[PDB]
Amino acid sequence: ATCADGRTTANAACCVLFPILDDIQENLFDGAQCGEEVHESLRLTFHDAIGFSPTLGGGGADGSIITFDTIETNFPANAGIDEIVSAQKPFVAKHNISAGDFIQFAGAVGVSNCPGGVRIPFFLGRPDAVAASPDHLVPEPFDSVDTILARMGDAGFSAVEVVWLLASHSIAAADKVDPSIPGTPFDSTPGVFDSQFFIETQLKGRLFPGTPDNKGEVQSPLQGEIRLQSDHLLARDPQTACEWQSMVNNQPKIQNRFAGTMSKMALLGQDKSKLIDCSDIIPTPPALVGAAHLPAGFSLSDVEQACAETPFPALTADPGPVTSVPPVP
């Protein structure tokens, strides 16, 4: 089918997303960049979608965290999300697109901007959010492994799928975990969607990067990098440890797992039999940049091996002296 602007797609109904695509790339994504806004817009996909439970309710990927900001941005777990929410709300208002449809679209376009990224299946047609998400639905970085997995599981996710989605932390920084140090990335390459997250969190912690005593934070191996308590533990918990380790220097799996597990999440509360497939609009991602490595000044001896069945893949290390990670602009 042929859209007005000459660009083409499978379902002609998907032609509404083209100008929307161009606007987000220009006016939300700084000129289609893998920077701050993409990271927080991707986090938003999770925060909207995970508001879903067979027991407690919630509409999942329904766009509620926008239409009900005043209720949901006041969730402790939703701390610091009000930004991107206020940042996105003008577009949802402006464009012929529902709130739920916009969040998952933006997250999908954002990831396509990151080198090493993957095209995420996007479905158009989510109806308007009917009520606010309930609380206790977004997990927090100080929740135990069991609480986190039970929560994701209740929403529809196996332990292995949790690990796959946490590949998002490879293009991710924290603002409210340690507020003394905002824009502090979860690994050394927040502009590049790669395996450096799963690698560097397996490292033995060395230091607190900002202030010593923050809830949900543990020691990090790198000045300029923050490690979540939840990520620290998942990488060392027998339920998730071997899978975590399998993402190391395994880009295609990272991309593939993430692409499929995200479409599922972007569908929580939704039926894709009643949605239109507009996946062929999501841009082609830039190629991966750099290779998987230990950080400079590290060896295999600095890795805390947590997988009982398979030992940590021996990687090389950056040369020169040990350094620090620039915070996210």
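From 1 onward, residues are counted along the sequence shown.
The stretch with the higher mean CA B factor, choosing between 201-209 and 89-97, is 89-97.
Comparing 36-44 with 23-31, the higher mean C-alpha B-factor in the PDB entry belongs to 23-31. Residue-level inspection of the entry shows that, of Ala79, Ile254, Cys114, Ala106, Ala79 has the top Cα B-factor. Of the candidates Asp143, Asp175, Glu83, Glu243, the PDB record gives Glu83 the highest C-alpha temperature factor. Among the modelled residues of its chain, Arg119 has a C-alpha B-factor that falls in the middle third according to the deposited record. Among all modelled residues in this chain, the alpha-carbon of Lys264 has a temperature factor (C-alpha) in the lowest third. Ranked by C-alpha B-factor against the other modelled residues of its chain, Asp128 falls in the highest third. When all modelled residues of the chain are sorted by CA temperature factor, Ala13 is found within the middle third.
When the modelled residues of the chain are ordered by their C-alpha B factor, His136 lands in the highest third.
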